[PDB]
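**Q** Make a model of this:
(6 chains, ligands or ions: 1)
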Number of protein chains: 6
Amino acid sequence: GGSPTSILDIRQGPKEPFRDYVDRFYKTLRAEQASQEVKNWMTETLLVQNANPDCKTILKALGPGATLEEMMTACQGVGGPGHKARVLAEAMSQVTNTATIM
Amino acid sequence: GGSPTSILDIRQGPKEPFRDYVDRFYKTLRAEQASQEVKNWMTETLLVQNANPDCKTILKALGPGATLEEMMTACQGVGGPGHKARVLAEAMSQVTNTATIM
Amino acid sequence: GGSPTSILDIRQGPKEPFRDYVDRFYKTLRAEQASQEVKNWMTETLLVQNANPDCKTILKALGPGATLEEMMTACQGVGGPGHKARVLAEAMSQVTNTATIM
Amino acid sequence: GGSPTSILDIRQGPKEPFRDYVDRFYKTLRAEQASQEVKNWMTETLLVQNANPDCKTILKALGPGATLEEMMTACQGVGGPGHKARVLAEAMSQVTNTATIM
Amino acid sequence: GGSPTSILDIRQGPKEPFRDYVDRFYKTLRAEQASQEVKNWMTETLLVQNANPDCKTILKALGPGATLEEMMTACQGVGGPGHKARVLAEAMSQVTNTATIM
Amino acid sequence: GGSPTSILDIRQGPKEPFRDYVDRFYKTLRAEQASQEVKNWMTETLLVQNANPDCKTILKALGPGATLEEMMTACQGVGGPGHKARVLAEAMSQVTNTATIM
Ligand SMILES: O=P(O)(O)O[C@H]1[C@H](OP(=O)(O)O)[C@@H](OP(=O)(O)O)[C@H](OP(=O)(O)O)[C@@H](OP(=O)(O)O)[C@H]1OP(=O)(O)O
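**A** Numbers count the residues shown, from 1 in each chain, chains lettered A, B, ... in the order given. For reference, the structure is listed below:
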């Protein structure tokens, strides 16, 4: 499901922010020789799924229609204390209130 | 919204400290050819809004129109045991008293 | 057996991402002059096992059938806020309820 | 209030240890063209104030009159488990007992 | 007894992977001139004792009489979420239930 | 409290391992023109106190009679889970039980 260099073998490091992830997302796409429309929805589906579950959760959180920028800001912070500062608090409240998960 | 290398793109990384983000910001603002008043407010609107939810929200935390010193000290602590530490024990207290959020 | 430079000796770094470790494994694997199928069943048997208990455990966790992509998506979650948030989330309440372990 | 390269613009990176930040301060101070006395008092009034709220709170904590060595010893520990750990332990207990803050 | 570089000094960077440390042990062991066997038992007695108190601890948990491989399977989990996660949960529940220690 | 480059000015980075620090110090000590004996009297008191509050305290923690074997063997874990697993496992029991400190 994606050969080396192909935008399909492109993924946001588990810790890689969206801002860092995104840059290369398209650099490796440019490596892929696909029409814009071919790469377009790829630019979309490959980006988000391969965008590190912290971001995917955010991206999905931003609700569809999100802009590469909107997701970018929310999932950009993914990586440094910018986002993590908050996630430690929420992850913490993810267990305190939501400890029971079914 | 925001072209590459523009002060608009300029986004304090999450971990990106204010003194750091702020340093490349203005170096970058210098790079975008804008009028004085244009850079004058970009220096503002792009510095606080795209200032990494930690620093950014800090500026807003300090209170709007915050003196560069107020956002600087407050955000110049972003990335160190000075501020980062505050986030570890404090967010921890956001879930202690403020865990119930609606 | 499984001395250095062998896909056997190929163990995802403790923190080496499935995206990297897979590359390492697949880089040291190619370096390993094994039959194609041999590499493939190593890719199947060695990978899952010598893949960093975080990814490794996941591999088994996704349940058999995990395409290289499934173990990839699941083991790609591992390494940052995406998954770490969760590991922290469970290791925390596993201790709370599941503290009693026999 | 403080131009670039001036000791006024000199600020201990949040994580920047005092040992590193002191060098950058004085190295930069050398760069700043201020009388020996003017540099000497910057060395005092600037070094402390722009010394990373962590080392900065340590300087005051050591108590005014702290010899550069005193702030150095205490503010040198800033940046690693040396100080960061102590902070984790103190901040940790600052929320346990001191959580109520007015 | 045991000066720098001599395997005796050979120690796992506490965060250093067992695999790397071990490589350092063995890479440097080769550097420490001994009888074939002498280097080997060092490989045993020194490695466990000087391999990151966590791995040092794992090894004992790996079963006195641990093979270099077994500990390799476990200590490899060190330096990674494999262990960072596990330690977090255990230290977490040990203090909670086992808080009273005598 | 020690001139630059002198073994007196030799200080284990707050994160600097004792292994690295012990090595920095001894090289620096050789650089430090302390008599053959003075270096030995330096290698003793300086090495213990300037070696990063984490080790430094450990050195005292090992209790008097701590030979390089004790401080190196303890302060070795400094930097990662070896020494630190204790910092995180015990801190948990240092604040929970010992939070009240007078
Ligand atoms: O110990 P690791 O699992 O390898 O985590 C490290 C560790 O961070 P923590 O303070 O959270 O433990 C580093 O700090 P030190 O071990 O050197 O103290 C830190 O880097 P800084 O020193 O610059 O704060 C770095 O975080 P990062 O590089 O993201 O800023 C992070 O590594 P990972 O999160 O990538 O595992």
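**Q** how about the helices in chain A?
**A** In chain A, the segments counted as helices under DSSP state H are A:18-31, A:36-49, A:52-61, A:68-76, A:81-96.
**Q** okay, those helices in CSV with distance to residue F:41 and mean neighbour count next?
**A** Bear in mind the C-beta positions are built from the backbone N, C-alpha and C, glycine included. Shown next, in CSV, are the helices of chain A (distance: least, C-beta to C-beta, whole Å; neighbours: other C-beta atoms under 10 Å in any protein chain shown):
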stretch, distance to residue F:41, mean neighbour count
helix A:18-31, 51, 18
helix A:36-49, 63, 15
helix A:52-61, 54, 23
helix A:68-76, 55, 21
helix A:81-96, 44, 22
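**Q** quick one: which of the ones you listed is nearest chain E?
**A** Among the helices of chain A, the nearest to chain E by C-beta to the nearest C-beta is helix A:81-96 (11.5 Å).
**Q** hmm, who's touching that closest one?
**A** With C-beta atoms under 8 Å, 6 or more residues apart in numbering or on different chains as the test, helix A:81-96 has contacts from A:17, A:54, A:75-77, B:12-16, B:52-55, B:78-79, B:84, B:87-88, B:91-92, B:94-95, B:99, B:101, C:81, C:85-86, C:88-90, C:92-93, C:96.
**Q** Relative to the whole chain's centre, how far out is that helix?
**A** 18 Å (C-alpha atoms, centre = their mean, to the nearest Å).
**Q** before we move on, what about stretch A:56-69?
**A** Chain-centre distance of stretch A:56-69: 9 Å, with C-alpha atoms, centre = their mean.
**Q** Can you get me the start-to-end distance on that stretch?
**A** Terminal residues of stretch A:56-69 lie 14 Å apart, using C-alpha to C-alpha, to the nearest Å.
**Q** Tell me which residue of chain A lies closest to chain F.
**A** Closest to chain F within chain A is residue A:88: 14.8 Å, counting by C-beta to the nearest C-beta.
**Q** show me what contacts residue A:50?
**A** A:10, A:11, A:12, A:25, C:76.
**Q** Hmm, residue A:51 and the third one touching each other?
**A** Yes - at 4.5 Å, residue A:12 counts as touching residue A:51 under the criterion of C-beta atoms under 8 Å.
**Q** coming back round to it: and the contacts of residue A:50, which is closest to residue F:64?
**A** Distance to residue F:64, by C-beta to C-beta, is smallest for residue C:76 among the contacts of residue A:50, at 51.2 Å.
**Q** shared neighbours, residue A:12 and residue A:51?
**A** What both residue A:12 and residue A:51 touch, as defined by C-beta under 8 Å, 6+ apart, is the set A:18, A:21, A:22, A:25.
**Q** Just give the nearest non-adjacent residue to the residue of chain A found nearest chain E, would you?
**A** Using C-beta to the nearest C-beta, the single residue of chain A nearest to chain E is residue A:14, 9.2 Å away. Leaving aside its sequence neighbours, residue A:14 sits nearest to residue C:79 (C-beta to C-beta, 6 or more residues apart in numbering or on different chains; 2.6 Å).
**Q** ok, now which ones touch that neighbour?
**A** Residue C:79 touches A:13, A:14, A:15, C:15, C:17, C:18, E:81, counting by C-beta under 8 Å, 6+ apart.
**Q** And the last one, how close does it get to the ligand?
**A** Taking C-beta to the nearest ligand atom, to the nearest Å as the criterion, residue E:81 is separated from the ligand by 8 Å.
**Q** picking up where we left off before, tell me the one among the contacts of residue A:50 nearest to the ligand.
**A** Ranked by distance to the ligand (C-beta to the nearest ligand atom), these are led by residue A:12 at 13.8 Å.
**Q** Tell me how many other residues crowd that closest one.
**A** Using other C-beta atoms under 10 Å in any protein chain shown, residue A:12 has 31 neighbouring residues.
**Q** likewise the one 3 residues further on?
**A** Here the number of neighbours of residue A:15 (other C-beta under 10 Å) works out to 22.
**Q** thinking again about what came up before, for the shared contacts of residue A:12 and residue A:51, please prepare JSON lines with the additional fields distance to residue A:36.
**A** Listed next are these as JSON lines, based on distance: C-beta to C-beta, whole Å:
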{"residue": "A:18", "distance to residue A:36": "22"}
{"residue": "A:21", "distance to residue A:36": "21"}
{"residue": "A:22", "distance to residue A:36": "17"}
{"residue": "A:25", "distance to residue A:36": "15"}
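**Q** Columns distance to chain F on top of the residues you listed, output as CSV?
**A** Output for those, formatted as CSV (distance: C-beta to the nearest C-beta, whole Å):
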residue, distance to chain F
A:18, 29
A:21, 27
A:22, 31
A:25, 33
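**Q** restrict those to those near chain D?
**A** For chain D, no contacts are drawn from the shared contacts of residue A:12 and residue A:51 by C-beta under 8 Å from any C-beta of the partner chain.
**Q** wait, which of those is closest to residue A:47?
**A** Nearest to residue A:47, judged by C-beta to C-beta, of those is residue A:25 at 5.2 Å.
**Q** Could you pull up the residues touching that closest one?
**A** With C-beta under 8 Å, 6+ apart, residue A:25 has these contacts: A:7, A:10, A:12, A:43, A:46, A:47, A:50, A:51.
**Q** Out of these, which two sit at the greatest distance?
**A** Across these, no pair lies farther apart than A:12 and A:43, at 13.9 Å, counting by C-beta to C-beta.
**Q** if we can go back for a sec, how about the helices of chain A in JSON lines, adding distance to residue B:39?
**A** JSON lines is the format used below for the helices of chain A (distance: least, C-beta to C-beta, whole Å):
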{"stretch": "helix A:18-31", "distance to residue B:39": "23"}
{"stretch": "helix A:36-49", "distance to residue B:39": "32"}
{"stretch": "helix A:52-61", "distance to residue B:39": "31"}
{"stretch": "helix A:68-76", "distance to residue B:39": "21"}
{"stretch": "helix A:81-96", "distance to residue B:39": "25"}
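**Q** Relative to chain D, how far out is residue A:33?
**A** 43 Å (C-beta to the nearest C-beta, to the nearest Å).
**Q** Tell me how many other residues crowd that residue.
**A** The burial count for residue A:33: 8, using other C-beta under 10 Å.
**Q** How about the residues of chain A by chain C?
**A** Residues of chain A lying close to chain C (C-beta under 8 Å from any C-beta) are A:1-2, A:11, A:13-16, A:49-50, A:52-57, A:78-79, A:83-84, A:87, A:91, A:94-95, A:99.
**Q** Get me the contact residues on chain A for chain B.
**A** Close to chain B, as judged by C-beta under 8 Å from any C-beta, chain A has residues A:17, A:19, A:69, A:72-73, A:76-86, A:88-89, A:92-93, A:96-97.
**Q** Swap in 6 Å and give it another go.
**A** Applying C-beta under 6 Å from any C-beta of the partner chain, we find that chain A lies next to chain B at A:77, A:79, A:80, A:81, A:82, A:83, A:85, A:88, A:89, A:92, A:93, A:96.
**Q** Quick one: residues contacting the third one.
**A** Which is residue A:80. Applying C-beta atoms under 6 Å, 6 or more residues apart in numbering or on different chains to residue A:80 gives the contacts B:13, B:14, B:15.
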